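Okay, so here's just one chain, in structure tokens, the form deposited in one PDB entry.
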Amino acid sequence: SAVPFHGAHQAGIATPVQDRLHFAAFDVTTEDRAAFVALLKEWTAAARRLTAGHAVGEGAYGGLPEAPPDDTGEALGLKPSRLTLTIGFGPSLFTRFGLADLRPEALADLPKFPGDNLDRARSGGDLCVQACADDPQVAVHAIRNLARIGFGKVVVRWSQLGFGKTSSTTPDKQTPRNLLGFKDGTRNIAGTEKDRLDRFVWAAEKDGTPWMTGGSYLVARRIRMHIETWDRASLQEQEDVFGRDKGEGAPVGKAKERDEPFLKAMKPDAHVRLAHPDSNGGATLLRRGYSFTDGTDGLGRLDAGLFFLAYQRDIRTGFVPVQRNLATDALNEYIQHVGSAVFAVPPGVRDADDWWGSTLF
């Protein structure tokens, strides 16, 4: 029902995946370091209440009738719904407040990749809040109120709602399906593998940027799916594209979805074969992404796809090589990357006196 906000790490990374996502990048409008630190503290105070299901500040009502409510109200009477709020700091943030020399090496800018069609308006950002919850309105309310609290000091650059499973109907003993119709998540790092998070996800002190020990690095890609094209392809084309069958999700020739894959049995350009760590010198990702359907465009097509999110200990040893190994992926015929951003995710709020980003400021 509620995920502990405080911790060595921020919640929302290795904690159970919630049903809905509301992702927002902000740009910073102030040049004042003090102003900004002030805001980070206020934001942390508000996260504490939100994640515990209380209104922000003095509340949503019952105040001076001649002042606007501290909290906008639309969450009154809902449960915290496993709300987690994770903040990240984008590369452009380190050009302000004189932090240029504190940018971590691992927060590397992404190359341009074959096929990229990055929309600048839906790319980048000085910082980000990932808001995950089982109730979409709880998620929206958090983002809405944080934007409200930071107004005049930050603005929302771009926004993405996503959804995964519906927990009030689907078993946790069950893998969700992406909008292409294949199980998605079968081979991933799971929050239970302290060993794999420590090795593959968390930033380590001896990695090079001490303020980031306990943090992680986030890569975000808005990936539109060409659905009407995909739906016209034969069942065998689709299975051929991934290296797994559609119904059970098993690696070709195997019979259970969770049978270890035999990579030589898959077509050389199969998605699973190209993404697999054995084809990538061990590179392994924690994927934590959501499907989106934003509507339909001016030509009658479903504007839908996968808001892809990956956490890793180092962007250079995680996303960049795997993404690069996808240059010839058969999936490329059916997807286009149209947004992208990277963020360093600072370590957690240790206690009630800690604040977001304290290790950096």
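Residues that one form lacks are left out of the comparison. If you superpose the two forms and keep the largest set of C-alpha atoms that fall within 1.5 Å, you have the rigid core. Sequential numbering from 1, following the sequence displayed.
Between 171-179 and 96-104, which has the higher average C-alpha B-factor in the PDB entry? So the stretch with the higher mean C-alpha B-factor is 171-179.
Please compare 348-356 with 335-343 and name the stretch with the higher mean C-alpha B-factor in the deposited structure. Between 335-343 and 348-356, it is 348-356 that shows the higher mean C-alpha B-factor.
Looking at 73, 111, 136, 77, which has the biggest Cα B factor in the entry? In this record, 77 carries the highest C-alpha B-factor of the candidates.
So if I compare the CA B-factors in the entry for 329, 66, 314, 42, which one is the largest? Across 329, 66, 314, 42, the entry lists the biggest C-alpha B-factor for 66.
Going by the recorded CA B-factors, say which third of the chain residue 207 sits in, lowest, middle or highest. For residue 207, the deposited C-alpha B-factor lands in the highest third.
What third of its chain, lowest, middle or highest, does the C-alpha temperature factor of residue 85 fall into? For residue 85, whose C-alpha B-factor we compare with every modelled residue in the chain, the answer is the lowest third.
Is the Cα B-factor recorded for residue 305 in the lowest, middle or highest third of its chain? For residue 305, whose C-alpha B-factor we compare with every modelled residue in the chain, the answer is the lowest third.
Please rank the C-alpha B-factors of the chain's modelled residues and tell me whether residue 279 sits in the lowest, middle or highest third. Residue 279: CA B-factor falls in the middle third of its chain.
Going by the recorded CA B-factors, say which third of the chain residue 53 sits in, lowest, middle or highest. Lowest third of the chain for residue 53's C-alpha B-factor.
We do not show the form deposited in another entry, though everything after this point is about it.
Which residue moves between the shown form and the other one, judged by a Cα shift of 2 Å or more on the rigid core: 166, 279, 188, 159? The displaced C-alpha is that of 166.
Do residue 168 and residue 141 move together or apart in the other form, judged by C-alpha distance changing 3 Å or more? Note: Cα gap between residue 168 and residue 141 widens in the other form.
In the other form, do the Cα atoms of residue 136 and residue 168 sit closer or farther apart than here, given a shift of 3 Å or more? Result: farther.
After superposing on the rigid core, which segments of 3 or more consecutive residues have every C-alpha shifted by 2 Å or more between the shown form and the other one? Moving region between the shown form and the other one: 163-173, nothing else.
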